[PDB]
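Just one chain is shown here, as structure tokens, and it is the form solved without the named molecule.
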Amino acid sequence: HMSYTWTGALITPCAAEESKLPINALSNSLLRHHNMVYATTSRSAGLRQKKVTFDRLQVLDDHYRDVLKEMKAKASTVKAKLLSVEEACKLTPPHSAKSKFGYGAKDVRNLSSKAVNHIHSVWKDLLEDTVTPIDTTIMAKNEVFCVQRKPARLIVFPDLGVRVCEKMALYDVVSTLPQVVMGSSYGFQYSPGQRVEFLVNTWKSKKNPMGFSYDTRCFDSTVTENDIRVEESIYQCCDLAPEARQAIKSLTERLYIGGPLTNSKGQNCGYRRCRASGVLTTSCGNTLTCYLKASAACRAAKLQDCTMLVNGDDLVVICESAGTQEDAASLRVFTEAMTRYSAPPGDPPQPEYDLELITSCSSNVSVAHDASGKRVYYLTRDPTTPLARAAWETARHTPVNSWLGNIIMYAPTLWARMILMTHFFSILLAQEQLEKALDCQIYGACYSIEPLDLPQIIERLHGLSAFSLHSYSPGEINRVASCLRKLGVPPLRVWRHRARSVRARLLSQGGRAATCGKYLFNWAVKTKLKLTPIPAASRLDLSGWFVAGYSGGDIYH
């Protein structure tokens, strides 16, 4: 029951790929250890293929079926609607990969006759045929990391026409069903601050809290045909139009369960029998399957008063401690059960008795103080990957601006405020591009955002306290400082000096620019200004933000 079979044809690129960090006049102001930063390319795709190709065995017991029955009971309450062709078209990113059949994303977005006629033909084919495997493209992702090299991850996706049809059939389902089935355990319904609140309140709900993260090794490749059919059975519990039931069956049989892999040159590379990383249901499917396996494993291990938090393949569990020795024993049983369910561990899970020591969604809770001196919890992460990616983006325009996503999601953090805000506002100022909209990605969806709207966006997501936090923990400060030394980034004292300059330059611009100076860089002046609620912030349409995850799902706004 192999995750993949291969022909020996290579996974090929679409254009020249760079692995070495490009350097321009701005690079050394941010990062001097250029050799630490690299991008993955198709040259490492063979190594990735070896890692993700293996046999999956699955033994399913009564705990698994009991949890599944409960999930299906909750799913039965969901009513989901078909999207119109127009609605689905307007969800397509402007720079989404063009179709092989003679039209592109902008043709889709404009509702061109050619595009709309083809989408109708694809839809009719889904209704009429529930058996023929749907072709997919396989490509090596180009992502940036700091050394200590990862092989490229693989992306697998069907044609643009099919992607639009997935939205028509499943957008409402994948946006609504997860929170109904999993309630407060569904992670993608939370902003960063909401996630912190849930984690803190859950920790406090236990007499003697214990928590752990669980890392499944190569999750997508552990997902079996069984798993994908079980997912479909959950979708079909919803109140759906008959037409939608048929399209969902067809997509499951023809696309989600598996299909042929074609490289960028049109050659057959092999066949997939595990999760595709580039379909609409990747996020919802991984979340449901992870929750199902983990909930059943909790029961196997007799964990007391378990509360889970699930975002795709990323899992956190907080429960009542039965003692340190008993806790470690329970985790072994948990892992054994997950392994039987085809979710074997990467790193073995570790019990933690301090909430700040748990990492999940690459992040941890930490504590700072607000302007009144109150202790406030907030979400942070190790800044190594953010800074490596920011270095790349200093010298190259990319389709997704990680620095922008990171400023939005980690606005309250020491590193996002002192380094990312300072560095990028200085660059944009110099080019007068503050008002130019940029694409970023949050929970898998693409947003087009004007940097000048950051103050209002931050206030809405994090509150005004994001502009006032200070007295960060020694642990957090020490981690940031050591990261800077590692990458050869100037120390925080240099960044404070630069932020005073950037703040003054923004204030001299007037308007929204001055608001950025005032709010984003109040921390850099000795005599702070008041900072009152921004009237524009109460006006922003942040509907669609933090409802669901759509990683690989080709979703825009």
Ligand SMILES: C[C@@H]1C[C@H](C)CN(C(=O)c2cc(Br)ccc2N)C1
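Don't overthink the numbering: it's just position in the shown sequence, from 1.
Not on display, but discussed next: the form deposited with the named molecule bound.
Figure legend: unbound chain with the named molecule modelled from its position in the bound PDB entry by local C-alpha superposition. Site open, with zero ligand atoms within 2.4 Å of backbone or C-beta atoms. Using a 4.5 angstroms limit between non-hydrogen atoms, residue 493 touches the named molecule in the bound PDB entry. At the 4.5 Å threshold, heavy atoms of residue 470 reach the named molecule in the bound PDB entry. The named molecule is not drawn, but in the bound PDB entry it has no heavy atom within 4.5 Å of residue 434.
Contact annotation: residue 417 falls within 4.5 Å of the named molecule in the bound PDB entry, judged by heavy atom distances. Note on contacts: among 477, 306, 322, 82, the single residue with a heavy atom within 4.5 Å of the named molecule in the bound PDB entry is 477. The candidate stretches are 164 to 172, 326 to 334, 462 to 470, 98 to 106, and the one lying within 4.5 Å of the named molecule in the bound PDB entry by heavy atoms is 462 to 470.
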